[PDB]
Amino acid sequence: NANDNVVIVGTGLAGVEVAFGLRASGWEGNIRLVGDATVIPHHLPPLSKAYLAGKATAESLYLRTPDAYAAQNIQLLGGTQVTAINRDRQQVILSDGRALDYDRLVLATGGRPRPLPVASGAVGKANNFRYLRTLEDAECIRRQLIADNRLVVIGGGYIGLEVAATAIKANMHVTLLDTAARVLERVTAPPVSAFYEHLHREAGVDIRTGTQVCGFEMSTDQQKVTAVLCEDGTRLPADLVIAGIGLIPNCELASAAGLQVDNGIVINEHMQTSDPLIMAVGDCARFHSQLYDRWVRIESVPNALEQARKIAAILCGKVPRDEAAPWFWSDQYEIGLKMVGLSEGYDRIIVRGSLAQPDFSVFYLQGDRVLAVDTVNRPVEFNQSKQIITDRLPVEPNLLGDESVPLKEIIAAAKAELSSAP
């Protein structure tokens, strides 16, 4: 609006993508990015992959080159923590006491690592006990990915698995602990969890499921972890401990500002929070999925880009793209893993291919409806799966597992059934 000033809280992929999106959709007003992080906004996925492997330059991580902020006239204010929002005056209050005025406010606060209770005090503070979320976290762990050293990963989520895969490649003695009965218990089917556990075990990782960490042993001098103790009494000697038991959405700001909060900042079809002038986006945002007809909060890059762009369109009086099936990816041992949709509430699963090799797709179904698909080294079936989920195609369930029948044809028939037959 040439006059309307927009303020974005959070310099993560979400906030940065909103900033450049805005200026790309023809926003002439001023754009301010305020983030507590001091570093240059960078990519996160590399931190448990190539960067964690020391095979990518720090420079390749930048979301956008520093010149780009200048060129696009985007003001970046780092190392600054926003402590409050005054919806009334329409201001943002910094930790130094300063205040910024806004006509439009975007909350791209992401989330923070969920603290491991038995790791409070000295444990957490140790140089060899880290969580993985910041550039600093990554480099600190990378400096310690040492051959023959012993690593204990506490947490069996995708990042946990990606870390274990990188540490293994680095020839460390790796042990991964999960309280769940099987890795990725909540988001995949048993046979899928079996694939990962065998993949990693085969690779050398010792996975201990249904295992709980009661505490740690430490050295009095260095104040470093020396071992991980399990509830069952097992002692795991450790040189490095990487904890990851989930993410906590940063909602405090909206919470104290009277905005609706529920395991994330609540937004409507227009990305608006309880307050019309305030929008939320990214890992922090809880929105309604019309595709699944329920409130969700996605923590993924594609989710950030989709939401970010939508916000830019709206604020620029443009029309937002139609909701797209959610998806994300994971890279482990060079295996291309891509997942689309949300598997919650599935009745059965159908495996298209053999689970005895990284080359198959797993369709998650609730009745005859396909909820999600996890593909392993199948980029084309993944793209085709996107279509099915998004457009709710009536693909024939009994043909999904049959590999003699191309997925393209199964889809073609489903679309044909939609046209000529009621």
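Residues carry their position along the shown sequence, with the first being 1.
The PDB entry records a higher mean C-alpha B factor for 324 to 332 than for its counterpart among 324 to 332 and 156 to 164. Of the two segments, 233 to 241 and 275 to 283, the one listed with the higher mean B-factor is 275 to 283 (C-alpha atoms only).
In the PDB entry, the Cα temperature factor peaks, among 127, 175, 91, 219, at 91. Taking the deposited Cα B-factors for 205, 108, 298, 183, the highest one is held by 183. Sorting the modelled residues of the chain by their CA temperature factor places residue 266 in the middle third.
Per-chain ranking of the deposited C-alpha B factor places residue 55 in the lowest third. Per-chain ranking of the deposited C-alpha B factor places residue 347 in the highest third. Ranked within its chain, residue 198 lands in the middle third, by CA B factor from the PDB record. Among the modelled residues of its chain, residue 289 has a C-alpha B-factor that falls in the middle third according to the deposited record.
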